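The data below hold one chain only, encoded as structure tokens and taken in the form deposited in one PDB entry.
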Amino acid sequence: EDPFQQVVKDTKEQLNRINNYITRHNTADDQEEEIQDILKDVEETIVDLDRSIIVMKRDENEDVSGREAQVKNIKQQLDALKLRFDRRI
């Protein structure tokens, strides 16, 4: 919807897509470089979401607690995924 919500949605979708892939190829791979590149891009995307929250928080007419909870959730999704990725044997 707003640019922030769109990126949130794209990021969860992007993480979910790799997660589905890992389930189907859980052995240690064609997409190995690709997955590393996308995960690093996701890291830097979350930094952008956090900066965006920082600036919005300056506006006393904004409550960023909903956005903060969405970013925390994405970070949890990313952390769970990174471990799955790392542990393919």
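Numbers follow the displayed sequence, beginning with 1.
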Inset, instruction - Could you bin the unmodelled part of the deposited chain lying between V47 and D48 as none, 1 to 3, 4 to 9, or 10 or more? - result: none
Inset, instruction - Using the B-factors recorded in the PDB entry, average over the C-alpha atoms of 59-67 and of 30-38, then report which stretch comes out higher. - result: 59-67
Inset, instruction - With reference to the PDB entry, specify whether the mean Cα temperature factor is higher for 68-76 or for 18-26. - result: 18-26
Legend entry - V8 CA temperature factor, ranked by third within the chain: lowest
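The protein also exists as the form deposited in another entry; that form is not presented, and the subsequent description refers to it.
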Legend entry - Rigid part versus rigid part between the shown form and the other one; hinge residue out of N61, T23, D37, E44: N61
